[PDB]
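Below is one structure, written out as structure tokens; comments come after it.
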Amino acid sequence: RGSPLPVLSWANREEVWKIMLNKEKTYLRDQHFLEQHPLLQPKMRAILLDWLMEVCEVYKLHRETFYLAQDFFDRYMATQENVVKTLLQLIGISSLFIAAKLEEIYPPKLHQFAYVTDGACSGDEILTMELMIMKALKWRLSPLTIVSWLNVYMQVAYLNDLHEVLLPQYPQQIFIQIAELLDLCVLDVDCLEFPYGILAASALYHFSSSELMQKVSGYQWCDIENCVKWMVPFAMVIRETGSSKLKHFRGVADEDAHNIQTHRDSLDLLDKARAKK
Amino acid sequence: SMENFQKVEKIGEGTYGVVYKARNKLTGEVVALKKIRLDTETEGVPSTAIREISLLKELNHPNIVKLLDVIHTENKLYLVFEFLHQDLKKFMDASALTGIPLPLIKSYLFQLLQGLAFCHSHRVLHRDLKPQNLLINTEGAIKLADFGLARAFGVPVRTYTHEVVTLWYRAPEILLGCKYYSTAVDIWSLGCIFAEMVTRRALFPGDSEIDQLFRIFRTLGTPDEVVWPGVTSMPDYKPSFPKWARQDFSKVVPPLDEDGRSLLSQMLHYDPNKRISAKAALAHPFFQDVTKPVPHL
Ligand SMILES: CO[C@@]1(C)[C@H](O)C(=O)C(C)=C2NC(=O)c3c(C)cc(O)c(C)c3O[C@@H]21
């Protein structure tokens with residue numbers, strides 16, 4: 001698998017790329033992890049993550065914050081067994097608290113994370129759970145999220161003549177359209193079969209071509225083929241309903257708004273995608 | 001908990017908590033312990049502590065302080081670190097009478113750049129490279145410590161926290177209010193520290209945002225559109241700024257040869273895109289035959 005990155009002036013691109021691949025390798029995800037929680041059903045994971053997306057939009061949190069929270073939730077639940085459904089809200093909101101303190105300049109205060117649970121989770125309960133999560137994850141809290149892969153691919157795609165890959169230079173619509181498919185896929189626990197970079201490469205493929213996918217990701221067709229095929233009914237449901245338009249957010253420059261996590265009710269789309277195969 | 005460790009003495013108190021010297025009861029290893037109180041934190045575990053812990057788990061390099069363990073006991077978090085003897089701020093102030101010898105200045109700068117090159121290849125900005133945060137041992141090695149202000153940058157970056165880095169060491173693009181910043185801000189701080197070691201005094205000892213700007217212009221010349229395209233349109237820039245002129249580096253840093261004035265002036269290049277990287281700085285001729293001496297403590 002080739003290095004898609006350009007010549008970087010701040011570090012050697014062969015090493016930066018190597019450190020990224022080893023990252024995706026050592027962070028482990030298990031599509032079967034709900035089997036350790038027999039009282040739980042995958043739909044409850046979909047409900048929880050859909051709700052975290054909704055919360056992220058209310059507070060204008062970043063897509064990376066949401067996908068950090070998703071990764072922390074899925075990875076933490078793989079470390080536990082026998083969790084009851086009335087606890088999922090606390091685990092989810094506490095994953096988002098951790099993620100927002102990592103990622104946001106000015107994260108919402110504890111009392112907002114408690115507030116959005118409408119009394120289900122107090123501040124004290126969130127502080128207890130965040131330590132449970134971080135300890136159980138062994139403080140491994142720096143994954144490459146699904147959306148960070150999308151950001152890398154977009155940057156490589158729109159590399160101009162400057163090759164300064166750190167300044168953003170990709171257009172907003174293609175980014176939010178692919179993010180919107182990833183946001184629907186991630187609600188299906190079956191997505192965890194596939195490394196995050198392949199989920200992002202596969203979703204990108206469904207909005208472009210083989211040639212672009214390969215150019216920006218270094219993957220060959222055979223590496224993503226299974227994920228692409230798994231994703232087909234999700235792409236179709238997104239195509240059928242139309243891609244969302246770009247939202248405006250108070251205090252957020254319009255040129256930065258594509259970075260803010262958005263939300264629409266997505267559970268009917270999800271069942272529609274899962275009904276097709 | 002504080003079973004497996006025997007505290008020996010408080011040895012300092014960084015802006016994050018108290019630092020203790022301690023001893024592992026099983027191995028007899030001496031360690032340092034950063035105490036992060038949690039009962040004084042309405043937001044639970046401080047974001048600076050979550051960042052520092054998770055980043056140091058990913059960063060194992062000879063010139064980065066090693067995090068050995070994280071202990072949760074009572075309402076405290078204890079960060080167990082490898083033990084180093086002295087920070088560079090206290091080491092210079094004690095050597096300021098004679099200055100810091102030059103063969104050591106070559107090694108310490110060289111090592112700080114391998115630590116930094118490593119961070120940047122892992123896409124980590126340190127954002128507080130000041131001497132108090134650089135830790136030396138008796139064996140001559142120097143290491144980056146205190147990653148509480150650090151941040152992992154994306155590809156691409158977005159706007160991050162404005163006003164990072166202690167003011168004396170803050171790069172001019174941050175002071176001018178640039179929308180984006182990345183690896184160049186760490187290089188600038190290492191330049192400030194390079195020249196502070198040589199002259200024994202801080203290179204840009206401003207005491208305000210606009211004052212710190214001016215101490216840089218007085219020494220490097222007030223930049224313009226030719227040396228730094230786009231500078232006059234940066235948001236914290238005013239046309240009323242006084243137009244200073246550059247100084248000979250024989251005058252800013254007398255003890256430095258031609259190679260030293262070269263490498264240094266590349267680290268303090270105004271335009272962040274033309275500023276030298278840590279990877280390139282390691283290859284500069286100045287580190288032709290770099291040495292490894294033992295310090296006087
Ligand atoms: C060199 O000692 C100290 C007290 C230095 O003087 C100083 O000012 C500060 C702020 C220090 N902070 C630390 O956090 C730390 C760390 C990560 C590791 C370590 O091994 C020591 C001895 C540490 O303590 C130093």
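Note that ligands are numbered from 1 as they come in the structure, with each ligand's atoms numbered from 1 the same way. In what follows, chains are A, B, ... by sequence order, proteins preceding strands, each numbered from 1.
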**Q.** Pair B:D211 + B:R215: basic N to acidic O under 4.0 Å
**A.** yes
Return yes if a side-chain donor-acceptor contact under 3.5 Å exists between [X] and [Y], otherwise no.
{"X": "B:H284", "Y": "B:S262", "result": "yes"}
{"X": "A:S148", "Y": "A:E64", "result": "no"}
{"X": "A:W149", "Y": "A:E24", "result": "yes"}

Quick check on ligand 1: any N or O pairs to the protein under 3.5 Å? One line per pair.
{"from": "ligand 1", "atom 1": "6 (O)", "to": "B:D87", "atom 2": "OD1", "distance (Å)": "2.5"}
{"from": "ligand 1", "atom 1": "8 (O)", "to": "B:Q132", "atom 2": "NE2", "distance (Å)": "3.2"}
{"from": "ligand 1", "atom 1": "20 (O)", "to": "B:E82", "atom 2": "O", "distance (Å)": "2.7"}
{"from": "ligand 1", "atom 1": "20 (O)", "to": "B:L84", "atom 2": "N", "distance (Å)": "3.0"}

(Q) Show me the pairs that pass side chain to side chain donor-acceptor pair (under 3.5 Å) and involve residues 140-154 of chain B, at least two apart or across chains. (A) B:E82-B:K143
Q) B:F241 and B:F214: ring-ring contact (aromatic ring centres under 6.0 Å, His included), yes or no, with the steps? A) CA-CA 8 Å; B:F241 280 155; B:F214 285 178; 5.4 Å; yes
